[PDB]
Amino acid sequence: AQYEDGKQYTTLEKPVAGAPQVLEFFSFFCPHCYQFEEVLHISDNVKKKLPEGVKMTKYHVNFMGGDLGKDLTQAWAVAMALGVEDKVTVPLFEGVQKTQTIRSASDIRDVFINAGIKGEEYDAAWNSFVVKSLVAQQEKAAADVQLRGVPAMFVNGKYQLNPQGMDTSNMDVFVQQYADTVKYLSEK
């Protein structure tokens with residue numbers, strides 16, 4: 001057929017109960033994730049095609065970058081709690097990988113301050129248990145899909161996107177296939 005298990009996607013041996021409908025994993029340290037987000041715009045292209053009543057969820061991962069990697073997962077939790085993901089995603093990627101001016105937790109915070117988030121507001125969120133549980137949720141989700149690498153995307157806790165089974169040709173043909181595959185999986 002057009003969409004095939006083992007080609008555009010794979011099927012988790014162990015489906016995840018109560019998982020987000022569309023779950024993306026990434027790291028601000030991840031060069032392919034930079035490409036995915038800032039050049040290919042995978043998230044946005046996927047969202048433009050998602051059915052009504054389907055939400056996209058995006059989690060950060062710890063295993064790249066040591067202590068700064070975990071700081072970034074905690075800051076991503078802050079971004080989720082404050083609902084400012086679309087203000088900090090680009091300057092966090094560029095700060096980590098382009099300018100490489102993000103080297104400490106304070107440098108991360110600066111990105112939020114510069115983006116208009118009040119210091120008191122960031123710090124309260126940073127130290128909150130709501131953010132601790134969001135960090136735990138992201139870690140839990142990684143365990144549940146038995147995550148081995150980023151970027152990655154899972155649909156309805158049952159299917160894993162398999163970009164190596166898609167075409168690499170035109171980045172755009174690739175992006176369209178990826179987005180088309182997510183939509184197909186969402187309706188499966």
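Per the deposited record, X-ray crystallography is how this structure was determined, to a resolution of 1.7870 Å.

Turning to the packing of helix α1 (residues 31–39) against helix α4 (residues 85–98), a few remarks are in order. At a closest axis distance of 11 Å, the pairing of α1 and α4 adopts a crossing angle of 145 degrees. Judged by the twist between their axes, the crossing of α1 over α4 is left-handed. Contact residues: α1 offers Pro-31, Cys-33, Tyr-34, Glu-37 and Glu-38, while α4 offers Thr-89, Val-90, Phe-93, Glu-94, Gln-97 and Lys-98. Here the residues of the contact of α1 with α4 are counted per class, giving five nonpolar, two polar and four charged.

With that out of the way, let us pick up the pattern of salt bridges. The tally for this structure, following the rule as stated, stands at eight salt bridges. Notably, a salt bridge pairs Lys-183 with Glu-187, separated by 2.3 Å at the nearest N-O pair. Residue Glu-187 is classed as exposed on the basis of its relative accessible area, which comes to 52%. Residues joined by salt bridges that share partners form a network here, namely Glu-24, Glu-37 and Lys-58.

Linking two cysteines covalently via their sulfur atoms produces the bond known as a disulfide. For the structure shown, the criterion picks out one disulfide. Between the sulfur of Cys-30 and that of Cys-33 lies a disulfide, 2.1 Å long from S to S. One disulfide, between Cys-30 and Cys-33, carries an S-S torsion of 75 degrees and so falls in the right-handed class. With respect to class, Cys-30 is no different from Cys-33; both count as buried.

The rules behind the values
- Residues numbered from 1 in each chain as written, not as in the entry; some residues may be left out.
- Heavy atoms only, no water.
- Axes fitted to C-alpha atoms, helices over the stretch in contact; angles between N-to-C directions.
- Helix = DSSP H or I, 4+ residues; strand = E, 2+ residues; numbered from the N terminus.
- Left-handed = near helix turned anticlockwise from the far one by under 90°.
- Contact = heavy atoms within 4.5 Å.
- Nonpolar A, V, L, I, M, F, W, Y, C, P; charged D, E, K, R; others polar.
- Salt bridge = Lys/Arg side-chain N within 4 Å of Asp/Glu carboxyl O.
- Buried < 20%, exposed > 50% of the residue type's maximum accessible area, 1.4 Å probe, protein only.
- Disulfide = S-S within 2.5 Å.

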